[PDB]
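Colleague: Take this structure first; my questions come after.
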Amino acid sequence: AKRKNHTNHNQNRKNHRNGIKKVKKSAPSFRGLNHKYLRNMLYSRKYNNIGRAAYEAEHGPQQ
Amino acid sequence: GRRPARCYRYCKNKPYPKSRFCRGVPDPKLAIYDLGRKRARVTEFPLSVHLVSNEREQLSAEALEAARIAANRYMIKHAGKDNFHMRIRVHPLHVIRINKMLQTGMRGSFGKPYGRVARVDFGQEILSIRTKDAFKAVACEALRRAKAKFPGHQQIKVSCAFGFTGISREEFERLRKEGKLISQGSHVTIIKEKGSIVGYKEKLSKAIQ
Amino acid sequence: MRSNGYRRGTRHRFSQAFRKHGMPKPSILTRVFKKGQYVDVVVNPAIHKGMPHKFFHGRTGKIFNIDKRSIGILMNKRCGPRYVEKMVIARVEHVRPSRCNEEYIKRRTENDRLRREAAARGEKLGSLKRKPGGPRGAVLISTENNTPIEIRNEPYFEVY
Amino acid sequence: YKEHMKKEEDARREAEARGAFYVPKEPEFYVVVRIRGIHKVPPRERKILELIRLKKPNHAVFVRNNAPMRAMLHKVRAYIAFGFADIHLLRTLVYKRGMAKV
Amino acid sequence: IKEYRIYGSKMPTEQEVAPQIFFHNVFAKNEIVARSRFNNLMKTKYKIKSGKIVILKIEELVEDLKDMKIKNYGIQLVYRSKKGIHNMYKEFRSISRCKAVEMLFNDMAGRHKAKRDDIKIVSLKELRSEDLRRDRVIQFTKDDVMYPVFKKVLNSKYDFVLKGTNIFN
RNA sequence: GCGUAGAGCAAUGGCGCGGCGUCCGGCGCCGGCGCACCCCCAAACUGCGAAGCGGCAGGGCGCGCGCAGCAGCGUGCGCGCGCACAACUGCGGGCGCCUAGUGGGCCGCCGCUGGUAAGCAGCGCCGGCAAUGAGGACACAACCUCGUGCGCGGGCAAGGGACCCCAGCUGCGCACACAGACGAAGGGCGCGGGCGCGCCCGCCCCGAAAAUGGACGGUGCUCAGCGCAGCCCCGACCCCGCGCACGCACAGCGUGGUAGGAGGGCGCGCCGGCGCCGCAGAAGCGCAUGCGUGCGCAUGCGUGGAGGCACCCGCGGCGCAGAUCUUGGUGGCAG
Ligand SMILES: [Mg+2]
Ligand SMILES: [Mg+2]
Ligand SMILES: [Mg+2]
Ligand SMILES: [Mg+2]
Ligand SMILES: [Mg+2]
Ligand SMILES: [Mg+2]
Ligand SMILES: [Mg+2]
Ligand SMILES: [Mg+2]
Ligand SMILES: [Mg+2]
Ligand SMILES: [Mg+2]
Ligand SMILES: [Mg+2]
Ligand SMILES: [Mg+2]
Ligand SMILES: [Mg+2]
Ligand SMILES: [Mg+2]
Ligand SMILES: [Mg+2]
Ligand SMILES: [Mg+2]
Ligand SMILES: [Mg+2]
Ligand SMILES: [Mg+2]
Ligand SMILES: [Mg+2]
Ligand SMILES: [Mg+2]
């Protein structure tokens with residue numbers, strides 16, 4: 001039978017009972033980053049305290 | 001066959017004019033908005049009396065024609081057909097609807113165009129008559145024959161303005177003597193010092209006096 | 001009940017201002033953008049590519065990603081009882097560098113400088129809080145050359 | 001307290017000894033009494049009465065005479081009676097009904 | 001009710017060190033209505049709203065009733081009805097200025113249902129007997145006026161008493 | 001960031017007359033057209049644009065050194081040293097897991113849509129009822145006050161203070177109509193004020209007609225009506241104070257509750273134990289008394305004539321006012 005279609009009544013009151021929780025803090029993610037930038041940042045992290053020329057002097061051609 | 005005007009009295013809906021979305025609305029029976037000697041010059045009818053709405057409501061186009069004829073017949077019979085120019089201010093622009101429903105009831109309820117009304121506010125003039133000063137009492141009487149055709153309360157006001165210009169009679173008389181007025185028929189333009197001066201001298205050339 | 005296209009109900013939101021139509025000026029290309037910087041998404045409707053959703057047209061978010069022609073922006077949205085972080089990709093024509101923290105950065109760099117300089121001379125400054133508007137001050141208004149003026153209620157007259 | 005009040009009266013009568021008008025610095029706090037009850041309060045007004053610690057009617061607090069606190073008092077002014085206490089109203093409120101949050 | 005002369009001005013800033021001082025003479029119930037009636041007149045005559053007004057002084061204008069004669073008062077007022085806003089001029093005889101406006105308020109309420117807040121007083125002037133315009137208040141300016149009391153008034157609070165007891169006299 | 005109220009005809013789209021014309025047509029006039037002023041306008045118009053809202057910021061910074069395949073002269077990321085607690089007010093906060101009920105709503109306020117309207121239908125925001133008692137509304141889911149353990153004392157709220165019915169007196173007005181006590185356009189040498197014979201404001205009158213006899217709640221009231229002022233009073237579970245109960249993380253704070261969830265107990269049949277009782281009278285039953293917030297418990301007396309109780313454990317066909325419940329018995333109807 002024909003009845004009520006829609007309301008937003010009591011929705012703000014419901015949504016504030018457990019509050020509007022924030023975005024939950026996380027570790028920083030590489031999701032959404034530029035791929036050329038992210039590839040280069042990991043290369044800088046891979047050869048952080050030892051340079052690349054010294055790293056490939058040890059481990060050979062690293063690619 | 002027409003509904004009583006108590007069904008469409010108040011400004012209930014948003015204004016709903018004849019547009020590309022609302023077509024098929026019939027023409028209003030209020031055909032004439034200017035009566036008497038329309039071609040009379042601005043300086044011939046100093047006096048101005050107005051029928052002013054004390055209501056927020058919708059005047060029917062049928063009542064706007066009935067009050068038109070009631071006021072026009074009185075100004076003709078008493079002031080004469082040359083001694084006045086009566087302007088109907090409000091225009092029946094709002095279209096009222098009728099549902100008219102086998103009997104469908106409230107299914108598909110949005111109504112077809114049924115009539116035209118003019119939407120008036122508190123203090124809005126409905127009619128206005130410009131006359132000579134001798135026909136004040138005639139013009140006050142013709143408007144009270146017009147407001148009988150109207151719903152609710154109306155008030156007849158004698159305005160200190162000169163005719164159908166917004167300028168008051170003392171202020172209109174001064175600028176007419178200064179040469180600062182150019183007639184546009186029922187209303188007037190005040191000559192200012194803003195033009196080019198060759199255009200300003202052509203403006204004084206076309207002044208009233 | 002309205003249809004749910006990507007630019008629904010944007011007749012005024014995605015319009016141009018009066019006498020401010022046209023393609024964007026090349027001076028926007030000289031704006032720097034950095035990761036962490038806050039930006040205001042305000043859609044240039046002359047630029048049809050990289051347009052964000054209409055929901056983010058008033059919003060301000062922090063940059064997480066910087067691309068060739070575009071910028072990734074973190075913007076929280078209410079989904080019921082939670083804020084959900086949306087990643088908004090927008091062309092630079094649709095963003096402005098936000099002045100949301102404009103007066104905070106001006107306050108911070110000066111105050112951090114003053115704290116560094118005072119620590120250099122062996123002093124220290126206790127607290128550099130912004131003091132709000134307190135009570136009114138005491139006033140002295142002299143009636144010398146300033147005579148008090150009576151205000152009266154006046155009779156109601158009406159002009160018509 | 002007497003010396004601070006006597007200094008303001010001496011500042012005020014010296015100003016009217018000349019032509020001047022002297023009003024002192026208005027106090028550093030308002031005293032606020034919750035007048036209306038806890039029912040039918042919209043969520044903004046209910047929140048401000050919580051931050052003023054006015055959780056029942058006939059409860060009274062002191063709030064600071066700040067520009068943010070004056071705007072808070074204005075938004076719930078249909079629920080409160082607020083004004084300026086002098087030193088006698090301040091001391092009567094604390095000595096007669098004064099408890100500590102410990 | 002009481003009469004207040006309330007002095008106020010714009011709050012002085014660095015741009016305007018001595019603003020123009022204004023004052024209003026208000027017949028009000030207390031100083032809070034008197035501040036309220038002052039703040040509207042600064043808001044509507046000038047454009048100074050109440051957030052930027054400092055009220056410099058509020059004094060109670062009280063008359064000395066040393067020998068306490070009756071004066072005549074002509075009151076020009078503006079009262080708002082349910083239908084409009086109108087001007088009226090009423091004349092009263094009373095003790096003080098603050099008592100004559102109390103006679104104005106009880107009369108506008110009795111005769112026109114005008115509440116106290118619906119009434120703004122343009123001017124209150126103490127008048128001679130020769131300058132009075134109302135013939136009803138003129139009758140009591142004559143010397144040696146006299147009338148009897150025709151209303152019965154009880155001489156105690158009674159519920160039931162015997163018939164012989166005088167109650168009116 | 002918005003584009004609503006307002007405002008605007010300036011573009012789009014309408015409305016309407018005049019005015020003007022080295023414009024056109026017809027016979028100086030009339031009609032077209034053009035222009036400028038103007039008029040009435042717009043939910044699906046906007047050169048403007050509020051009130052109101054929305055987003056974000058108010059903390060880390062400064063310096064130095066390493067790294068990169070990115071970049072072409074920066075950007076990120078590592079690391080170190082140094083500096084440092086950032087408007088107001090309030091205050092503990094964050095997150096996870098499992099699961100119920102719910103998914104017919106309704107009402108008020110403000111803002112709306114459709115509709116002649118509707119105790120109609122459909123929305124927005126907030127509040128309520130549902131599930132919220134109590135006081136005031138004559139009674140009355142929603143209005144007003146205002147929340148709500150059990151009492152005592154105070155003070156009040158809304159609302160009132162002729163009698164029902166707790167609580168009223170002092171003054172100033174006004175009104176006469178079985179009025180106050182449903183109402184329109186239009187009226188009234190009705191009365192009271194006010195303004196310039198006409199207006200205006202109050203009260204009253206006419207307009208004002210329904211069917212059981214009857215409803216300001218009633219009685220009634222003509223100072224119990226319509227207005228005002230002053231002082232006072234009455235009045236809730238509100239607020240305050242005290243005491244107790246219960247809950248809490250317990251020098252204190254808190255206390256409504258449907259669907260619903262949780263905890264701790266009461267009660268029943270039997271079990272493994274453990275303390276006992278009974279022909280000097282067990283269970284059951286009837287009537288009393290006591291205890292207990294309560295589920296219930298204990299005793300006395302009577303009856304009864306052989307079993308039973310308490311606690312700890314364990315098992316469960318474990319608690320009834322309802323099901324046109326089932327079975328049995330019995331009434332009223334009805335001599
Ligand atoms: Mg009919
Ligand atoms: Mg409608
Ligand atoms: Mg494309
Ligand atoms: Mg609009
Ligand atoms: Mg509008
Ligand atoms: Mg309904
Ligand atoms: Mg309640
Ligand atoms: Mg109730
Ligand atoms: Mg009741
Ligand atoms: Mg009392
Ligand atoms: Mg009594
Ligand atoms: Mg309580
Ligand atoms: Mg409970
Ligand atoms: Mg339950
Ligand atoms: Mg047993
Ligand atoms: Mg037992
Ligand atoms: Mg069973
Ligand atoms: Mg049974
Ligand atoms: Mg049951
Ligand atoms: Mg039978």
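All residue names refer to the structure tokens as shown: chains lettered A, B, ... in order, residues numbered from 1 in each chain, ligands numbered from 1 in order.
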With only C-alpha atoms (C1' of nucleotides) as the counted atoms, please give the residues lying no more than 9 Å from residue 45 in chain F, apart from itself and same-chain residues fewer than 3 positions off, as a list in words.

Modeller: residues 12, 13 and 42 of chain F

Colleague: Got time to write the residues from that selection, N, CA and C atoms (P, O5', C5', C4', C3', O3' and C1' of nucleotides), as a PDB file, in the first residue's frame?

Modeller:
```pdb
ATOM      1  P     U F  12      18.126  40.125 -24.609  1.00  0.00           P
ATOM      2  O5'   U F  12      17.726  38.750 -23.936  1.00  0.00           O
ATOM      3  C5'   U F  12      18.399  37.554 -24.275  1.00  0.00           C
ATOM      4  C4'   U F  12      17.743  36.374 -23.623  1.00  0.00           C
ATOM      5  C3'   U F  12      16.248  36.277 -23.809  1.00  0.00           C
ATOM      6  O3'   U F  12      15.876  35.767 -25.069  1.00  0.00           O
ATOM      7  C1'   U F  12      16.771  35.893 -21.558  1.00  0.00           C
ATOM      8  P     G F  13      14.608  36.379 -25.821  1.00  0.00           P
ATOM      9  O5'   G F  13      13.406  36.060 -24.838  1.00  0.00           O
ATOM     10  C5'   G F  13      12.889  34.748 -24.759  1.00  0.00           C
ATOM     11  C4'   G F  13      11.929  34.587 -23.613  1.00  0.00           C
ATOM     12  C3'   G F  13      10.658  35.396 -23.675  1.00  0.00           C
ATOM     13  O3'   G F  13       9.720  34.889 -24.595  1.00  0.00           O
ATOM     14  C1'   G F  13      11.518  35.476 -21.497  1.00  0.00           C
ATOM     15  P     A F  42       7.624  38.797  -9.681  1.00  0.00           P
ATOM     16  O5'   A F  42       8.070  37.574 -10.573  1.00  0.00           O
ATOM     17  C5'   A F  42       7.143  36.569 -10.924  1.00  0.00           C
ATOM     18  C4'   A F  42       7.800  35.509 -11.750  1.00  0.00           C
ATOM     19  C3'   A F  42       9.180  35.105 -11.284  1.00  0.00           C
ATOM     20  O3'   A F  42       9.140  34.143 -10.256  1.00  0.00           O
ATOM     21  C1'   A F  42       9.221  35.535 -13.593  1.00  0.00           C
TER      22        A F  42
END
```

Colleague: Mind checking DSSP for range 92-203 of chain B and telling me the alpha helix (DSSP H) residues as a PDB file with C-alpha atoms, in the first residue's frame?

Modeller:
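Writing the result to states-v2.pdb gives the following:
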```pdb
ATOM      1  CA  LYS B 136     -11.457  64.910  -6.478  1.00  0.00           C
ATOM      2  CA  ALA B 137     -14.800  63.886  -5.023  1.00  0.00           C
ATOM      3  CA  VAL B 138     -15.825  62.214  -8.272  1.00  0.00           C
ATOM      4  CA  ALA B 139     -12.611  60.227  -8.449  1.00  0.00           C
ATOM      5  CA  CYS B 140     -12.788  59.253  -4.781  1.00  0.00           C
ATOM      6  CA  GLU B 141     -16.317  58.009  -5.429  1.00  0.00           C
ATOM      7  CA  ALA B 142     -15.421  56.038  -8.555  1.00  0.00           C
ATOM      8  CA  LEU B 143     -12.681  54.188  -6.712  1.00  0.00           C
ATOM      9  CA  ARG B 144     -14.993  53.235  -3.868  1.00  0.00           C
ATOM     10  CA  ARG B 145     -17.254  51.773  -6.522  1.00  0.00           C
ATOM     11  CA  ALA B 146     -14.232  49.861  -7.775  1.00  0.00           C
ATOM     12  CA  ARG B 169       3.038  68.706  -6.945  1.00  0.00           C
ATOM     13  CA  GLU B 170       5.222  71.329  -5.287  1.00  0.00           C
ATOM     14  CA  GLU B 171       8.381  69.772  -6.725  1.00  0.00           C
ATOM     15  CA  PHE B 172       6.824  69.267 -10.177  1.00  0.00           C
ATOM     16  CA  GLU B 173       5.713  72.885 -10.356  1.00  0.00           C
ATOM     17  CA  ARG B 174       9.199  74.165  -9.591  1.00  0.00           C
ATOM     18  CA  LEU B 175      10.985  72.111 -12.254  1.00  0.00           C
ATOM     19  CA  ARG B 176       8.279  72.959 -14.784  1.00  0.00           C
ATOM     20  CA  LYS B 177       9.115  76.606 -14.140  1.00  0.00           C
ATOM     21  CA  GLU B 178      12.855  75.886 -14.219  1.00  0.00           C
ATOM     22  CA  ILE B 197      26.397  70.292 -23.232  1.00  0.00           C
ATOM     23  CA  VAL B 198      25.306  70.303 -26.868  1.00  0.00           C
ATOM     24  CA  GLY B 199      22.954  67.498 -25.844  1.00  0.00           C
ATOM     25  CA  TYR B 200      21.959  69.427 -22.731  1.00  0.00           C
ATOM     26  CA  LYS B 201      20.880  72.403 -24.824  1.00  0.00           C
ATOM     27  CA  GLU B 202      18.812  70.101 -27.006  1.00  0.00           C
ATOM     28  CA  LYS B 203      17.236  68.844 -23.787  1.00  0.00           C
TER      29      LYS B 203
END
```

Colleague: I'd like the contact shell of residue 87 in chain D - 12 Å cut-off, only C-alpha atoms (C1' of nucleotides), skipping same-chain residues fewer than 2 positions apart - returned as a ChimeraX atom specification.

Modeller: /D:1-2,4-5,27-31,84-85,89-95

Colleague: Which residues form the shell of 7 Å around ligand 7 when you count only C-alpha atoms (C1' of nucleotides) and all ligand atoms, given as a ChimeraX atom specification?

Modeller: /F:132,146-147

Colleague: Pull the strand (DSSP E) assignments for range 82-203 of chain B out of DSSP run on the backbone, and list those residues as a ChimeraX atom specification.

Modeller: /B:84-88,94-98,112-120,125-131,154-159,181-183,188-190

Colleague: Any chance you can output those residues with C-alpha atoms as a PDB file, in the first residue's frame?

Modeller:
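So the final result, stored in selection.pdb, reads:
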```pdb
ATOM      1  CA  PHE B  84      -9.575  61.920 -16.429  1.00  0.00           C
ATOM      2  CA  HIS B  85      -7.078  59.235 -17.267  1.00  0.00           C
ATOM      3  CA  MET B  86      -7.452  56.090 -15.177  1.00  0.00           C
ATOM      4  CA  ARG B  87      -4.646  53.531 -15.228  1.00  0.00           C
ATOM      5  CA  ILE B  88      -4.979  49.988 -13.937  1.00  0.00           C
ATOM      6  CA  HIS B  94      -0.291  34.793 -12.142  1.00  0.00           C
ATOM      7  CA  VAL B  95      -2.083  31.748 -13.549  1.00  0.00           C
ATOM      8  CA  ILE B  96      -4.268  29.825 -11.134  1.00  0.00           C
ATOM      9  CA  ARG B  97      -4.932  26.136 -11.664  1.00  0.00           C
ATOM     10  CA  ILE B  98      -7.878  23.777 -11.284  1.00  0.00           C
ATOM     11  CA  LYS B 112      -4.569  22.802 -15.750  1.00  0.00           C
ATOM     12  CA  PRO B 113      -4.581  26.592 -16.228  1.00  0.00           C
ATOM     13  CA  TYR B 114      -7.901  27.890 -14.945  1.00  0.00           C
ATOM     14  CA  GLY B 115      -7.684  31.669 -14.819  1.00  0.00           C
ATOM     15  CA  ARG B 116      -5.414  34.633 -14.353  1.00  0.00           C
ATOM     16  CA  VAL B 117      -4.938  36.694 -11.214  1.00  0.00           C
ATOM     17  CA  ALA B 118      -2.882  39.703 -10.220  1.00  0.00           C
ATOM     18  CA  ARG B 119      -0.835  39.318  -7.061  1.00  0.00           C
ATOM     19  CA  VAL B 120      -0.891  42.410  -4.857  1.00  0.00           C
ATOM     20  CA  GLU B 125      -1.783  50.570  -5.737  1.00  0.00           C
ATOM     21  CA  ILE B 126      -4.411  48.751  -7.753  1.00  0.00           C
ATOM     22  CA  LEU B 127      -5.984  51.615  -9.679  1.00  0.00           C
ATOM     23  CA  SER B 128      -4.948  55.210 -10.174  1.00  0.00           C
ATOM     24  CA  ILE B 129      -6.869  58.137 -11.638  1.00  0.00           C
ATOM     25  CA  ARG B 130      -5.324  61.406 -12.742  1.00  0.00           C
ATOM     26  CA  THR B 131      -7.755  64.326 -12.870  1.00  0.00           C
ATOM     27  CA  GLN B 154      -8.697  48.623   0.057  1.00  0.00           C
ATOM     28  CA  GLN B 155      -7.873  52.215   0.872  1.00  0.00           C
ATOM     29  CA  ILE B 156      -8.389  55.280  -1.296  1.00  0.00           C
ATOM     30  CA  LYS B 157      -5.444  57.655  -1.008  1.00  0.00           C
ATOM     31  CA  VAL B 158      -5.095  61.126  -2.481  1.00  0.00           C
ATOM     32  CA  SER B 159      -1.425  61.371  -3.347  1.00  0.00           C
ATOM     33  CA  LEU B 181      11.134  68.610 -17.343  1.00  0.00           C
ATOM     34  CA  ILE B 182      10.701  66.760 -20.634  1.00  0.00           C
ATOM     35  CA  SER B 183       7.312  65.104 -21.006  1.00  0.00           C
ATOM     36  CA  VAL B 188       8.283  62.965 -17.231  1.00  0.00           C
ATOM     37  CA  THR B 189      12.081  63.150 -17.325  1.00  0.00           C
ATOM     38  CA  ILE B 190      14.011  65.569 -15.124  1.00  0.00           C
TER      39      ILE B 190
END
```

Colleague: Interatomic distance between CA of residue 102 in chain C and CA of residue 70 in chain C?

Modeller: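 Here the two named atoms are 22.9 Å from each other.
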
Colleague: List all protein, DNA and RNA residues that have any atom at most 10 Å from ligand 12, counting only C-alpha atoms (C1' of nucleotides) and all ligand atoms, and write the list as a list in words.

Modeller: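 Counting only what the definition allows, namely only C-alpha atoms (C1' of nucleotides) and all ligand atoms, the set is residues 56 of chain D; 147, 148, 237, 238, 239, 240 and 255 of chain F.
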
Colleague: Could you write out that same residue set with N, CA, C and O atoms (P, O5', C5', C4', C3', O3' and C1' of nucleotides) as a PDB file, in the first residue's frame?

Modeller:
```pdb
ATOM      1  N   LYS D  56      21.297  22.499  34.393  1.00  0.00           N
ATOM      2  CA  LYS D  56      19.981  22.492  35.002  1.00  0.00           C
ATOM      3  C   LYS D  56      19.577  23.944  35.160  1.00  0.00           C
ATOM      4  O   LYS D  56      20.443  24.822  35.178  1.00  0.00           O
TER       5      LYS D  56
ATOM      6  P     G F 147      13.859  20.586  34.427  1.00  0.00           P
ATOM      7  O5'   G F 147      14.420  19.144  34.762  1.00  0.00           O
ATOM      8  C5'   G F 147      14.097  18.026  33.968  1.00  0.00           C
ATOM      9  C4'   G F 147      12.950  17.252  34.549  1.00  0.00           C
ATOM     10  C3'   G F 147      13.293  15.903  35.143  1.00  0.00           C
ATOM     11  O3'   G F 147      13.565  16.030  36.527  1.00  0.00           O
ATOM     12  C1'   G F 147      11.458  15.715  33.626  1.00  0.00           C
ATOM     13  P     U F 148      14.520  15.008  37.296  1.00  0.00           P
ATOM     14  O5'   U F 148      13.569  13.799  37.647  1.00  0.00           O
ATOM     15  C5'   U F 148      12.543  13.930  38.611  1.00  0.00           C
ATOM     16  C4'   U F 148      11.531  12.841  38.429  1.00  0.00           C
ATOM     17  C3'   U F 148      12.083  11.435  38.544  1.00  0.00           C
ATOM     18  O3'   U F 148      12.068  10.977  39.874  1.00  0.00           O
ATOM     19  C1'   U F 148      10.789  11.643  36.568  1.00  0.00           C
ATOM     20  P     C F 237       6.025  17.846  44.011  1.00  0.00           P
ATOM     21  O5'   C F 237       7.012  16.858  43.271  1.00  0.00           O
ATOM     22  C5'   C F 237       8.299  16.600  43.806  1.00  0.00           C
ATOM     23  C4'   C F 237       9.128  15.717  42.908  1.00  0.00           C
ATOM     24  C3'   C F 237       9.453  16.281  41.531  1.00  0.00           C
ATOM     25  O3'   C F 237      10.757  15.848  41.163  1.00  0.00           O
ATOM     26  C1'   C F 237       8.370  14.217  41.291  1.00  0.00           C
ATOM     27  P     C F 238      11.997  16.844  41.300  1.00  0.00           P
ATOM     28  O5'   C F 238      11.694  17.938  40.209  1.00  0.00           O
ATOM     29  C5'   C F 238      11.969  17.732  38.838  1.00  0.00           C
ATOM     30  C4'   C F 238      12.138  19.065  38.177  1.00  0.00           C
ATOM     31  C3'   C F 238      13.169  19.943  38.861  1.00  0.00           C
ATOM     32  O3'   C F 238      14.453  19.768  38.302  1.00  0.00           O
ATOM     33  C1'   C F 238      11.121  21.112  38.703  1.00  0.00           C
ATOM     34  P     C F 239      15.650  19.144  39.156  1.00  0.00           P
ATOM     35  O5'   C F 239      16.259  20.396  39.899  1.00  0.00           O
ATOM     36  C5'   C F 239      16.594  21.563  39.178  1.00  0.00           C
ATOM     37  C4'   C F 239      16.623  22.750  40.090  1.00  0.00           C
ATOM     38  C3'   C F 239      17.248  22.504  41.439  1.00  0.00           C
ATOM     39  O3'   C F 239      18.656  22.518  41.404  1.00  0.00           O
ATOM     40  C1'   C F 239      15.230  23.663  41.727  1.00  0.00           C
ATOM     41  P     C F 240      19.471  21.472  42.285  1.00  0.00           P
ATOM     42  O5'   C F 240      19.408  22.088  43.740  1.00  0.00           O
ATOM     43  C5'   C F 240      19.836  23.411  43.992  1.00  0.00           C
ATOM     44  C4'   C F 240      19.394  23.859  45.349  1.00  0.00           C
ATOM     45  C3'   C F 240      19.718  22.896  46.457  1.00  0.00           C
ATOM     46  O3'   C F 240      21.065  22.966  46.857  1.00  0.00           O
ATOM     47  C1'   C F 240      17.505  23.638  46.700  1.00  0.00           C
ATOM     48  P     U F 255      19.778  11.855  37.452  1.00  0.00           P
ATOM     49  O5'   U F 255      18.960  10.508  37.594  1.00  0.00           O
ATOM     50  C5'   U F 255      19.126   9.455  36.655  1.00  0.00           C
ATOM     51  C4'   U F 255      18.596   8.145  37.170  1.00  0.00           C
ATOM     52  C3'   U F 255      17.090   8.079  37.370  1.00  0.00           C
ATOM     53  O3'   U F 255      16.647   6.761  37.074  1.00  0.00           O
ATOM     54  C1'   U F 255      18.167   7.609  39.401  1.00  0.00           C
TER      55        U F 255
END
```

Colleague: Residues within 9 Å of ligand 11, counting only C-alpha atoms (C1' of nucleotides) and all ligand atoms: report them as a VMD selection string.

Modeller: chain F and resid 161 163 165 to 167

Colleague: Using the selection just defined, write its residues with N, CA and C atoms (P, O5', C5', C4', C3', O3' and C1' of nucleotides) as a PDB file, in the first residue's frame.

Modeller:
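Contents of again38.pdb, as written:
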```pdb
ATOM      1  P     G F 161      -8.020  32.914  38.177  1.00  0.00           P
ATOM      2  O5'   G F 161      -7.882  33.111  39.739  1.00  0.00           O
ATOM      3  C5'   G F 161      -8.209  32.076  40.647  1.00  0.00           C
ATOM      4  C4'   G F 161      -7.856  32.489  42.046  1.00  0.00           C
ATOM      5  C3'   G F 161      -8.250  33.899  42.426  1.00  0.00           C
ATOM      6  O3'   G F 161      -9.575  33.956  42.902  1.00  0.00           O
ATOM      7  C1'   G F 161      -6.013  33.487  43.062  1.00  0.00           C
ATOM      8  P     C F 163     -13.483  32.127  46.591  1.00  0.00           P
ATOM      9  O5'   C F 163     -14.608  31.037  46.378  1.00  0.00           O
ATOM     10  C5'   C F 163     -15.689  30.916  47.281  1.00  0.00           C
ATOM     11  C4'   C F 163     -16.718  29.949  46.768  1.00  0.00           C
ATOM     12  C3'   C F 163     -16.205  28.593  46.340  1.00  0.00           C
ATOM     13  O3'   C F 163     -15.919  27.695  47.385  1.00  0.00           O
ATOM     14  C1'   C F 163     -17.631  29.414  44.684  1.00  0.00           C
ATOM     15  P     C F 165     -14.240  21.174  45.632  1.00  0.00           P
ATOM     16  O5'   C F 165     -13.292  22.429  45.770  1.00  0.00           O
ATOM     17  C5'   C F 165     -12.038  22.321  46.420  1.00  0.00           C
ATOM     18  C4'   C F 165     -11.101  23.434  46.034  1.00  0.00           C
ATOM     19  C3'   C F 165     -11.649  24.843  46.196  1.00  0.00           C
ATOM     20  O3'   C F 165     -10.611  25.697  46.647  1.00  0.00           O
ATOM     21  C1'   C F 165     -10.944  24.520  43.976  1.00  0.00           C
ATOM     22  P     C F 166     -10.192  25.738  48.187  1.00  0.00           P
ATOM     23  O5'   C F 166      -8.721  25.156  48.155  1.00  0.00           O
ATOM     24  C5'   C F 166      -7.840  25.313  49.245  1.00  0.00           C
ATOM     25  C4'   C F 166      -6.460  25.668  48.771  1.00  0.00           C
ATOM     26  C3'   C F 166      -6.257  27.104  48.346  1.00  0.00           C
ATOM     27  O3'   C F 166      -6.061  27.974  49.439  1.00  0.00           O
ATOM     28  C1'   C F 166      -5.281  25.648  46.759  1.00  0.00           C
ATOM     29  P     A F 167      -7.168  29.069  49.792  1.00  0.00           P
ATOM     30  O5'   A F 167      -6.395  30.442  49.687  1.00  0.00           O
ATOM     31  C5'   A F 167      -4.989  30.501  49.796  1.00  0.00           C
ATOM     32  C4'   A F 167      -4.413  31.295  48.666  1.00  0.00           C
ATOM     33  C3'   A F 167      -5.277  32.429  48.173  1.00  0.00           C
ATOM     34  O3'   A F 167      -5.158  33.599  48.951  1.00  0.00           O
ATOM     35  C1'   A F 167      -4.490  31.186  46.340  1.00  0.00           C
TER      36        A F 167
END
```

Colleague: Throw together the list of residues within 9 Å of ligand 19, counting only C-alpha atoms (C1' of nucleotides) and all ligand atoms, and drop it here as a PDB file with C-alpha atoms (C1' of nucleotides), in the first residue's frame.

Modeller:
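New file part.pdb:
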```pdb
ATOM      1  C1'   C F 320       1.188 -18.277  33.090  1.00  0.00           C
ATOM      2  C1'   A F 321      -4.342 -14.246  33.324  1.00  0.00           C
ATOM      3  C1'   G F 322      -4.730 -14.361  28.168  1.00  0.00           C
TER       4        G F 322
END
```

Colleague: May I have the residues within 12 Å of ligand 14, computed using only C-alpha atoms (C1' of nucleotides) and all ligand atoms, as a list in words?

Modeller: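 Residues satisfying the distance criterion: residues 101, 131, 257, 258, 259, 260 and 261 of chain F.
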
Colleague: Quick one: residues within 10 Å of range 62-67 of chain D, only C-alpha atoms (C1' of nucleotides), excluding same-chain residues fewer than 2 positions away - as JSON, numbers by chain?

Modeller: {"C": [131, 132, 133, 134, 135, 136], "D": [26, 27, 28, 29, 30, 31, 32, 33, 51, 52, 53, 60, 69, 70, 71, 72, 73, 82, 83, 84, 85, 90], "F": [88, 89]}

Colleague: As a ChimeraX atom specification, please: the residues near residue 66 in chain F (cut-off 10 Å, only C-alpha atoms (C1' of nucleotides), same-chain neighbours under 2 positions excluded).

Modeller: /A:48-51 /F:78-79
